[PDB]
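One structure is given here, and the rest of the page talks about it.
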Amino acid sequence: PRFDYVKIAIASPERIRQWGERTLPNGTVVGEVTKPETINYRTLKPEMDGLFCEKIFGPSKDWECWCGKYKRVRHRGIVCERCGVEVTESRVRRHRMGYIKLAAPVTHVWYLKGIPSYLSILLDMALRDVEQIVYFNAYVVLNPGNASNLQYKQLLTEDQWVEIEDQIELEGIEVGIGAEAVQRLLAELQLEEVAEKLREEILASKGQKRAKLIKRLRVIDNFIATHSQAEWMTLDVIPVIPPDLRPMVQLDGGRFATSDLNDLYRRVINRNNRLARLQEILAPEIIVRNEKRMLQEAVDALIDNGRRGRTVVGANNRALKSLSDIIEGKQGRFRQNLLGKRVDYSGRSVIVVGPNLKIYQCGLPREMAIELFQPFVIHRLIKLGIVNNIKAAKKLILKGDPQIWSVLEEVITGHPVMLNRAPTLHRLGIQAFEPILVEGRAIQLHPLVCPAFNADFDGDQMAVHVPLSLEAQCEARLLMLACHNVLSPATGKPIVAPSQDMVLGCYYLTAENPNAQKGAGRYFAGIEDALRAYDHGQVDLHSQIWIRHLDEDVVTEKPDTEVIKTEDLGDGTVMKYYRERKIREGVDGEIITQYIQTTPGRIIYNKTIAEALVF
Amino acid sequence: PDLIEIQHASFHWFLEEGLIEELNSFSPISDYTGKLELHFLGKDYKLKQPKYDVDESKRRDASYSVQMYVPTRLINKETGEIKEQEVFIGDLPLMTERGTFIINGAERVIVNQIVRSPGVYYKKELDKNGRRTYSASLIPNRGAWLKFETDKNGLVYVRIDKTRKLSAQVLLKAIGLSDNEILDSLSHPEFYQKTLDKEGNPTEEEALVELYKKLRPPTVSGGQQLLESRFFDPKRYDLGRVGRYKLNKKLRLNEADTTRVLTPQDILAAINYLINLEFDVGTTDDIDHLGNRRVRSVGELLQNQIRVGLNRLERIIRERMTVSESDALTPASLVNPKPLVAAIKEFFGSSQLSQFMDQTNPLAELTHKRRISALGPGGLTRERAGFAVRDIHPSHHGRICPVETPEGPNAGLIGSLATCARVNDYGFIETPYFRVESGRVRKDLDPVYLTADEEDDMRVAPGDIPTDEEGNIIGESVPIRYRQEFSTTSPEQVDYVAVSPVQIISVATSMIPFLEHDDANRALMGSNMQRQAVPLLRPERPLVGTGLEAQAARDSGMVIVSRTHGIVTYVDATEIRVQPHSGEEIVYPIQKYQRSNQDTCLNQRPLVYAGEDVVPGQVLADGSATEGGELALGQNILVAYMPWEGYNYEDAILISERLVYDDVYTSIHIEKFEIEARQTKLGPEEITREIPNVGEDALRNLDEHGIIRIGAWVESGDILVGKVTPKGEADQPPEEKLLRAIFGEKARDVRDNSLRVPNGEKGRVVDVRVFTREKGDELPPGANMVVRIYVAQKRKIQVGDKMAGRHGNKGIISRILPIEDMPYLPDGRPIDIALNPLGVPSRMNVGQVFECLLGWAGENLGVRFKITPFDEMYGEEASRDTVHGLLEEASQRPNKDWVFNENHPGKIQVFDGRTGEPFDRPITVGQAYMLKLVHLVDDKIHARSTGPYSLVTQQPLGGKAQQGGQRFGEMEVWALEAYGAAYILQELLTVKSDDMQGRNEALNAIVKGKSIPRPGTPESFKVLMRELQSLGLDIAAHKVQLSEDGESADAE
Amino acid sequence: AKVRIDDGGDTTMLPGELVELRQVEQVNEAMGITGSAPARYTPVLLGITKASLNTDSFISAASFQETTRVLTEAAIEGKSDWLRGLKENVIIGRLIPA
Amino acid sequence: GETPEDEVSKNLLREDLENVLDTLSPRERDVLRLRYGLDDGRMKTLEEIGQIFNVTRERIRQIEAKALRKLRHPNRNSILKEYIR
Amino acid sequence: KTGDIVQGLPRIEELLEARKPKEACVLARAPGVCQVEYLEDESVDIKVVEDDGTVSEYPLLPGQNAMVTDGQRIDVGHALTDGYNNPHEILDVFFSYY
RNA sequence: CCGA
DNA sequence: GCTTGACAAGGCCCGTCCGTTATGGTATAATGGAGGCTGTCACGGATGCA
Ligand SMILES: Nc1ccn([C@@H]2O[C@H](COP(=O)(O)OP(=O)(O)OP(=O)(O)O)[C@@H](O)[C@H]2O)c(=O)n1
Ligand SMILES: [Mg+2]
Ligand SMILES: [Mg+2]
Ligand SMILES: [Zn+2]
């Protein structure tokens, strides 16, 4: 569907339970994971309450219950009365999530051990003190009533608390430890009262205190605008990811391939069930206190492994990948699967040089082209009445036929193809070409587009991509075709220009050479006369040649406009001499003729320019 | 000397003396009751014969191992019960005659690791500008590190590996030394007594209580046992032989070498040196100097892994003795060999040091065994690799080659041992030098082999100084290196000189002729490409070489070398028989068309005939990239440095068809295919001839069991092994149900699972070995039978193949011309290859023109020259004068005077093959030695329409082996965004990856010729949404429409 | 582009907040039409990493760098992403708005 | 999972199957469609066709038998014969 | 050091990240400078006096810095010493002056 | 480990 | 264009039947853990300490 915006917030326990709970027609919710079992070892089926359970997450097969008896497709939207598994398609295990109901409150490690550690900001305490209370190393005073030596949010050791028990003072003094104390401290904080106290405190305070008051006030003002409670930073319910995002597949050899998220959830469920067992049978407090600290360290390793304490490792002391580790890095979800993907209808090969081949044309190998254009060939083989379905078309494509090559030749005509060479440092690293079928295995590249790709022919490979839609073919032709990409986008200067052999060939063609002077100083009646004399073998390539040429757009090295000498002729005619020109003009208002000293190679160069441009 | 002598000497030291030290530090063990004692007799340990040899272990995917039996003896403390029994202790893989190991059917080498040597090291770190403060570090072979400190006030602070700083007087009184001998041992007691007051002076009992307060109920007996267990106990602290040697050397002690523990005299001497360094006497150490770095080969690493496994084994034996109250056991019941086998298998399988072997050619095989890597366990981390550890040190001169190094991210980390280098008994690299007396190079006896004893002491000259024969060093200035500085001195002050001008370089760099006329990066590229050449069908020796080719071919191990004098009596293509004379027939087996690790050929050919005398050391058979007993990696072909019609434009290569029809550059590649008939829960997989949906003539090459025969031709898609598996779901859609209602069509219970040839990969079947458990074999568990198929193919030269010379001049063939179109010489001979002349002066590899001109002179003479590098010691312009003089002498032949022109020396006239006209300028022709590399176009071409997908992301896979797609990374997305092209980018991200309904709809619309519909939400975004929800974040998408907000369901 | 706020008089802009100067000027004019006391500011210069993380979109800032901190401050501030830019529509799967 | 090629092949097979079946008599076409679930997604027995109609299940088996015999004709039915694997 | 892009590109990165270099000292008003130097033996302090105010400002200078001012009309953000300028101080000086 |  | 009767085939369904599986227990005395770092560099906050 369509949506307009995405909003992020803090999840309440009722919202986490709302993601996981699903009701049955009998009147029973099924969303809670209570056992750390995954699948049965004998038959490879998921267990009836666990991390892969079919009552919570859905069936493993399409339209089939767990216990049997509903194997057909005809029972749709029904729930089995014996087992409890809804007879649905098996792709709901990508979406359906569950939850774990904790026996003790736990803190989210993102809000405690981050920077700037919003829990200690909102609680107005130091980070080491809150980290000492949460991990059961110190107490805190929740009720400071009837004491002068005790105050609110004051930390005590175990010795200081057992020596307070000497006085049994003579009133009700409460203490707390763990995330229960933090949840009770956050639950009794009146947000509007602390906000108006901070606004009444900032106007009359010091300099460095005021920045801390501004930071606490701007943290507190977010909790009133979002209408979220401060005690939601401590977790009572833990959401469980769907089982198809933590898959457990079997390799050829009998060994199972698991993901690291199953071990972390298994540790959380094991320590939760042991904590419930210890609280049921009234164990001593040193054993129940170590079990709550271990559950606290288990939830933190599932969320962010190695953020606070020791990193939980696996088999070869490799750290387990957690819920933030699968998204937070350059191998995470954003940089590896969302901003860049692997694509269909693509291939690659080594590149060779492509002379006697135009620009906007790439040489595409034939065995590469039957694979990339396979559904377009399959469509044409049915439209021409050769075959009738996809199976006969695929059979004739793989078996080899001379009909397939003519079909592919008439299919790839006018279909542009994008070429790419890594690294793609700028825009000209992806350009579109019109393919022609070459024989061999390398891709033939035109030599003028090689500085745009930074590509030479000593081992470079290029990827090939085929646009499918008609909007995608019109965009490859009108916006990305290689004959429209002459100018750079960084400067205004042309990228497509001769280089490294055409420059040397044009330098040799138009140079001066005193050794090769055959027929030097001869007079010719224009450009075509000297071009005919060169192909007849009359002159050399660097001979000094006078050319009758009436145009005045002549540019030379160190351009001359001054007259060297003048020889006067009869009938009022002046013969003006230049360094590389000879102009005969009339007396008053006319020019008669003009000769230019040049080489035949310069004449070849200018004839090439003139027949290339004016057409 | 041999070139793989470090591998051979280290494994011989392990088999002779290294394991005995572990078995002697092992014994004896005892129980906690003190009534049983088990001790291992290590000196008489036995080795069983291997179950299979080299080739039968290679083809069975097994190891080449021996069984190791250590005889034990159980003595009894209640009565005179002596129980002696041979006990199996583990499986040790044996080093082959080439210096390699065979682990799971693959050849493997254990590369040499360079680490910091044990001993005491001092450094001088400082503040902003602050005080010159000095710090010590005592490094053992194994155990805790003892460090020392000085601050700006001057406090001597000692610390253990991770702890905070405490005082050296507290450590010294914690040992048990008197305060008398502490300040009576020191040279300057006034500096130490300054720290005595601020830190205080404890008693012997008062000091033991305050280390336990810092290292960890503070007790003195617990801290005494703690420090006795850290530094002074065996089997928890080993200083090592090299550590004792270097610590006696630095601190000038004559302590006995048998003591391998730390003593308080050593700590007193280290305190004395650290205090004396604050009064400007003594020398601070260098961490990158090759006197402080040693090489650990395969003996030490096996010794350490066996130590760890024996620690586990004796823990198991002590637990089994302490639990069992009943006595009178057998020694074979108390020994569990499984941790030692597990440790040895872990070391040989999953180590950074145990590397998959480079077996492309003999040069790559020889170079891989001499690699010196700084990475690994106990070495370095690539993230902790700065610039100074990748720099070239002056102590590397002669010992480590400055040229040969990787070009990738591990540049400067993995080095190569130089040619004349050698590792001594303590692990340090030494180089031979000739003595120089009164300005005369001595050269009378063996050289000295200085182990970096030549920096602070000797003036060493290189081996390219001019010197008249049987005489002094000519010239009044000799270039020397001294105190890690280059300088020039008189010849009467020179102490040592090098023995060879190629002492600075490795073997593959010494293969390059005219090396001093090339750039160093191009020499690196030439060495790297020389290690990547494929062995050709008819190998040929170079017309210009250097001289190390025969020794490289002898020490690679691909050459059958004779051992005795004798007369060869019988030679065929598989066997050479010779009776020795100076159990009277030596049979040398000759291997025929075996497969290397890189799918190349390992073939040997006989050279000797029947009935001729044979000297020991004579080459009897030569290998795949070897002919005439010398290394032969490529062929000699006729070059012309000229541009064609854009066909050698930007390092492209134009060749002729003569290199195709004359079988030049034709190589053999053998591929290997393996299939297992596994055991499934639904039934056993069987290998059969009856396959469903397979026609009539697709089974001609299969035998009666469904397997191909030897000598059959296979192409892409042909069946190699027919296999079926019993599918058992049988969930058919209504379309298939109606189509089987109409036309009969009984659906079978098995499905096709046959082994087929991949796309391409045609060839001939040469080996169809089948392994079955009831034939005597034993398999991986869960597999009934295993079939292994070897397919060989002859690959000719092709457009798109890579081609290179010895000077870093690579290139891709882009056109193959006929010989009537190739340019030709004034005797009518056409050119084999045209190279672009613009690739020479920009890349600055001038030695290829020297090599081609000298090879062409040797072609016109017929002499096969050999020139050592750095030949300018014999005069100015020596290479140029040699080349042009030999070209003149080749042109003085009675029929060949067109070979050399005195007006333009290196060039002659070349005619065009198409028109007959000569080119306008003379062209440099020659005979170059070109190579064919492993990078062929058949292994590079790949294409995908639609294949498999990933598990969670549901995006296409990657890789050629799994029909994967190309990655359209983030830079390509930026390039498409810098254009317009919003629709190309949208179809690249949705209907070509991880949108399954869009995939099906796009394929159906293309096949039926209609418009492709609009895509939906991609699959990986929903995965990200579920992951962010499972982290505990209430993230949701919303939609606004006519004054209404509603949460949208993206899972739909 | 940005500016730092101090003297937060009669405005919903606490000190320390990085706002664009055009937005502070629009708020100052549209509250100076009511004759109220405006907000002072001092201009700041950010680097290319701090200006990338101080954008209005948490999806782009989370996909760029420091995903945990950006997602924590976005979850506590309760902010919305209105999908205005090239990087968000690539992640969503839509046509880019260029 | 199932490839997009198998999806498009079975969809073209479904379209060609419906276009072949709607050429014969309208009664036998829907009998064959309700028999194998080409419209309901539920394969039914012979009697429940007799409750869709009221004529009982013995005529239904003869109807589907002669419909299969008409679709098994060699002439004008080989468009579906290429899907034979 | 050597001149190539390996040494020029860290300058680009520290310019685009708006970092602060080690040595920098700019003016804080727009005065009319007249140089006074008595002894250059590792002790130089630059004297400069304004036009509008009676109280003058003379920026003190530690010995490793030098002087580039030879006498001109010094404006607000002018650089008096040698060293890499930081744009934070330029923005601060201009805003605090105007 | 190598290639661009 | 249907209809009734014979001949079998095969899913549901409720008994035993034996292999698997969960659970409880064992009585000399035993009472604080092995096990690696120790060669990267630079910047920005956040303590923390004199
Ligand atoms: N670590 C590397 C190495 C190489 N490249 C790419 O590969 C090309 C390497 O070109 P190559 O042909 O290997 O070397 P040249 O620069 O052409 O030099 P030469 O002709 O001497 O080989 C570079 O332009 C670069 O774009 C890269 O992206 N990353
Ligand atoms: Mg290249
Ligand atoms: Mg190149
Ligand atoms: Zn059921």
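Numbering starts at 1 and runs along the chain as displayed.
Backbone N, Cα and C atoms are what each Cβ position is placed from, and that goes for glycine too.
Annotation note: A:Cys67 (Zn(2+) binding site) sits in a coil segment as assigned by DSSP. Swiss-Prot lists A:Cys65, A:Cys67, A:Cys80, A:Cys83 with the feature Zn(2+) binding site, giving sequence analysis as the kind of evidence.
In the structure as shown, the Cβ atom of A:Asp458 (Mg(2+) binding site) sits within 10 Å of 18 other Cβ atoms. What Swiss-Prot records for A:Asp456, A:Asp458, A:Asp460 is Mg(2+) binding site, and it gives sequence analysis as the kind of evidence.
The binding-site residues examined here are A:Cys65, A:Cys67, A:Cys80, A:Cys83; by Cβ neighbour count within 10 Å, the least packed of them is A:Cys67. Comparing C-alpha positions, A:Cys83 (Zn(2+) binding site) sits nearest to A:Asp460 among the binding-site residues A:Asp456, A:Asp458, A:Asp460. Sequence-distant neighbours of A:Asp456 (Mg(2+) binding site) (same chain, six or more apart, CB under 8 Å from its CB) are A:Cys450, listed in sequence order.
Cα separation, A:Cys65 (Zn(2+) binding site) to A:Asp458 (Mg(2+) binding site), rounded: 60 Å. Cα of A:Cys67 (Zn(2+) binding site) to Cα of A:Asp458 (Mg(2+) binding site): a span of 63 Å. Distance from the CA of A:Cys80 (Zn(2+) binding site) to the CA of A:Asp458 (Mg(2+) binding site) is 66 Å. Here the binding-site residues are A:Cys65, A:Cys67, A:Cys80, A:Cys83, A:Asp456, and the ones sitting under 8 angstroms from chain B, going by CB atoms, are A:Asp456.
With respect to their backbone Cα atoms, A:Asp460 (Mg(2+) binding site) and A:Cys80 (Zn(2+) binding site) stand 60 Å from each other.
Among the binding-site residues A:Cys67, A:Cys80, A:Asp460, no residue has its Cβ under 6 Å from any atom of ligand 1. Look at A:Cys80 (Zn(2+) binding site): DSSP puts it in coil.
Only A:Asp458, A:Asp460, of the binding-site residues A:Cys83, A:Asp458, A:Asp460, place a Cβ under 6 Å from an atom of ligand 2. Proximity to ligand 3 (Cβ under 6 Å from any of its atoms) holds for none of the binding-site residues A:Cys65, A:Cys67, A:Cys80, A:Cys83, A:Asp460.
Neighbours of the Zn(2+) site: apart from A:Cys65, A:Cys67, A:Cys80, A:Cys83, residues of the same chain with C-beta atoms within 8 angstroms of the site's C-beta centroid are A:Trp66, A:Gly68, A:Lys69, A:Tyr70, A:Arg82, A:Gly84, A:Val85.
With respect to ligand 4, the binding-site residues A:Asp456, A:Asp458, A:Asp460 contribute no residue with a C-beta closer than 6 angstroms to one of its atoms. Other Cβ atoms within 10 Å of the Cβ of A:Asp460 (Mg(2+) binding site) number 20 in total over all chains.
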